[PDB]
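Peer 1: Below is one structure. I have some questions about it.
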Amino acid sequence: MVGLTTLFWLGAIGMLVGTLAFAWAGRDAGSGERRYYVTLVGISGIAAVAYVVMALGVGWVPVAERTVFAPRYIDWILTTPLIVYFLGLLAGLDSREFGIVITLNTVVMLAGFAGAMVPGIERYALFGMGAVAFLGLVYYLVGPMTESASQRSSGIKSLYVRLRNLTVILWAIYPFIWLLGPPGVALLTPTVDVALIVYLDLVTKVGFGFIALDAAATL
Ligand SMILES: CC(C)CCC[C@@H](C)CCC[C@@H](C)CCC[C@@H](C)CCOC[C@@H](CO)OCC[C@H](C)CCC[C@H](C)CCC[C@H](C)CCCC(C)C
Ligand SMILES: CCCCCCCCCCCCCCCCCCCC
Ligand SMILES: CCCCCCCCCCCCCCCCCCCC
Ligand SMILES: CCCCCCCCO[C@@H]1O[C@H](CO)[C@@H](O)[C@H](O)[C@H]1O
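All you need for the numbering used here is the position in the sequence shown, starting with 1, plus 11.
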């Protein structure tokens, strides 16, 4: 229990550091820019709360012979569409296309959560639904959204592509962790699972945020 608790506290601290840095960076509150900072505060702030809750030993749900971390999935349901929103803003995406990518994202996270909570082998059908919706989300990120980003200045398009790449490459690792970890075949221990996810969560949220902060200043 000590290892898992320690990892969750590290996640909480890293998320808190991001949250404070984004809130501070955003204080200037430029009318067009404010939205991006508030979104980053929401992304890392919600994650921080989730990690604190888990560190305190809340929401460790036993499912068959594994443990499900409910706050992790609730976190993702809330924070991943905020990341997609940030990317859609950057890309200058149209309202229909925003709706599509937010829908596909929500399918991924709901299917992953539901799958984690189903004891039997039918849970892999839920994983599959999420994997299919994720391929759709990736298509949008690398296709239509990238085309949309090209209508922006070269610097904004470069930022879009940088954050798009970070997002696509790291998000693609999560389903493999689900499959190899406790929700799937339970090869990886809960500690190894949590350690990998803490890194990935921190980079996809706080790393993502610092990359945007850097580009915003350099712009
Ligand atoms: C906008 C809405 C339409 C979307 C709402 C999300 C919704 C879709 C989530 C669906 C799942 C929902 C049905 C939950 C059911 C889970 C339940 C079956 C699990 C069993 O319950 C286990 C409990 C305690 O043991 O864990 C319980 C887990 C914890 C109690 C919850 C974990 C906390 C969250 C991860 C953090 C939430 C964010 C903060 C409330 C806001 C922080 C703001 C920030 C800026 C400080
Ligand atoms: C300006 C730099 C600020 C960076 C934001 C993150 C703050 C550091 C918080 C500690 C992070 C813990 C490291 C966990 C890594 C993933 C699990 C590794 C276990 C081997
Ligand atoms: C482009 C592909 C990248 C290579 C990654 C390899 C694929 C990862 C395999 C994940 C699912 C395989 C399930 C078999 C795991 C072994 C079962 C052990 C039981 C505890
Ligand atoms: C959920 C899985 C979805 C699979 C990804 C295929 C979606 C892309 O499919 C494409 O959509 C375009 C809209 O931008 C259309 O113009 C194209 O005709 C169509 O081929």
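C-beta atoms are modelled at their ideal positions from N, C-alpha and C, and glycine is treated no differently.
(1) Given 8 Å as the limit, tell me if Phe187 has its C-beta closer than that to any heavy atom belonging to ligand 2.
(2) Would the region 141–153 count as touching the region 170–187 if we require 3 or more Cβ pairs under 8 Å?
(3) When every heavy atom of ligand 2 is checked, does at least one fall within less than 8 Å of the C-beta of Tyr210?
(4) Is it buried or exposed, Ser164, if we count other Cβ atoms within 10 angstroms and call 16 or more buried?
(5) Tell me, to the nearest whole angstrom, how far the beta carbon of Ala223 is from that of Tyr47; I am working on the premise that it is less than 8 Å.
(6) One question on the structure: do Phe33 and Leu51 come within less than 9 Å of each other, judged by their Cβ atoms?
(7) Give the list of continuous beta strand (DSSP E) stretches no shorter than 3 residues that lie fully inside the region 91–120.
(8) Using only CA atoms, which one of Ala226, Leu213, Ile132 lies nearest to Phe19?
(9) Tell me which same chain residues have a C-beta within less than 8 Å of the C-beta of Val196, skipping the five on either side of it?
(10) Pull every residue with its beta-carbon under 5 Å away from any heavy atom of ligand 3, and keep them in chain order.
Peer 2: A quick look at the data gives this:
(1) Set against 8 Å, the gap from the CB of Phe187 to the closest heavy atom of ligand 2 is not smaller.
(2) By the C-beta criterion, the region 141–153 is judged to be in contact with the region 170–187, since at least 3 inter-stretch pairs fall below 8 Å.
(3) yes
(4) exposed
(5) 7 Å
(6) Cβ distance < 9 Å, so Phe33 and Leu51 count as in contact.
(7) none
(8) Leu213
(9) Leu190
(10) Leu190, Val196, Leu198
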